[PDB]
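Asks: pasting the sequence and an experimental structure:
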Amino acid sequence: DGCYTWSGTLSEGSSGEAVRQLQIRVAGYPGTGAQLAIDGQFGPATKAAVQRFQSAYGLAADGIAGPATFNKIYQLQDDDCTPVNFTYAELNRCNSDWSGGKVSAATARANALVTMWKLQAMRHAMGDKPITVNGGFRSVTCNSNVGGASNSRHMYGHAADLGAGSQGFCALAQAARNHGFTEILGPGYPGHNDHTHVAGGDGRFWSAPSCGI
Ligand SMILES: [Zn+2]
């Protein structure tokens, strides 16, 4: 028993860290073209996300976070709080301290953590096949070494660059639309034919012309 343990049921009207932690876990279920706010307040958007999560794993979908809902999260949660199929190291091929960015190392890792939970949801929705992560966090040095953009969300811990795997670039960019990625760049967008870029953060910008987006 390590990362986090929920003490009791959560429903609309609840507020606190327990709510903030659950929002992270279900951040991959905000509805198409939406983003869940991680504010610690259990409102209607939070109930909807929970319902979607419950449905995705064949639990009773009532939108109430009870003990069965927590037992499923416990099955997807690693010691360090990351989901079972993604790790911090896989999300940072830059350095080992998450320093260098446009925000704190702790803010960078927390932003990363949400991205991991969104990827976990997407991994299951796509059929439980491995999703290849090619890059994630980039300090300012790392970003320049790549010739990245000055504004790049990579330096915030919000983005991940995905390789084709058995899904293909387009399948990944299309599904990303359902999992809280406000920024998606892929095939047909300049410098994005050899990977699919997904990122969280404010402001929606979707472009992958070769994929129909
Ligand atoms: Zn990228």
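Replies: Ah, there it is. Numbers count the residues shown, from 1 in each chain.

Asks: can we go C-alpha only for contacts and neighbour counts from here?
Replies: Will do.

Asks: show the end-to-end separation of stretch 193-202, please.
Replies: Stretch 193-202 has an end-to-end distance of 24 Å (Cα to Cα, to the nearest Å).

Asks: residues making contact with that stretch?
Replies: Contact partners of stretch 193-202, identified using Cα atoms under 8 Å, 6 or more residues apart in numbering, comprise 115, 153-154, 158-164, 169-170, 172-173, 176, 180-187.

Asks: again, 7 Å this time
Replies: 115, 153, 158-164, 169, 172-173, 180-187 (Cα atoms under 7 Å, 6 or more residues apart in numbering).

Asks: show me the residues you listed that map onto strands.
Replies: 159-162, 183-185 (DSSP state E).

Asks: which single one of those residues is nearest to residue 131?
Replies: residue 162 (7.3 Å; Cα to Cα).

Asks: wouldn't the closest one be in contact with residue 132 here?
Replies: Yes. Counting by Cα atoms under 7 Å, residue 162 does reach residue 132; the two are 5.7 Å apart.

Asks: who has more neighbours out of those two?
Replies: For the pair residue 162 and residue 132, the greater number of neighbours falls to residue 162 (22 against 16), based on other Cα atoms under 10 Å.

Asks: give me the buried positions along the lengthiest helix in the chain.
Replies: For the chain, the longest helix by residue count, based on DSSP state H, is helix 105-125. Residues 105, 107-123 are the ones in helix 105-125 that count as buried (16 or more other Cα atoms under 10 Å).

Asks: stretch 148-164 now?
Replies: 148, 152-164.

Asks: farthest pair in those residues?
Replies: Maximum distance among the buried residues of stretch 148-164 (Cα to Cα): 23.7 Å, for 156 and 164.

Asks: who in the protein is up against the ion?
Replies: Contacts of the chain with the ion, taken as Cα under 5 Å from the ion, map to 161, 197.

Asks: okay, strands next: where are they in this structure?
Replies: Under DSSP E, the chain gives strands at 133-135, 159-162, 183-185, 196-199, 205-207.

Asks: okay, now the sheet partners of the fourth one, with direction.
Replies: Read that as strand 196-199. Here strand 196-199 is paired, per DSSP bridges, with strand 159-162 (antiparallel), strand 183-185 (antiparallel).

Asks: would you confirm that residue 188 contacts residue 206?
Replies: No. Counting by Cα under 7 Å, residue 188 stays clear of residue 206, with 11.7 Å between them.

Asks: got the domain ranges for the chain?
Replies: 1-84, 85-213 (curated CATH domains).

Asks: just the ones you listed: most buried one?
Replies: Sort the domains of the chain by mean neighbour count, taking mean count of other Cα atoms under 10 Å, and domain 85-213 sits at the top with a mean of 19.

Asks: rewinding a little: for residue 69, which of the strands of the chain is the nearest?
Replies: Among the strands of the chain, the nearest to residue 69 by Cα to Cα is strand 196-199 (26.6 Å).

Asks: alright, I will stop here.
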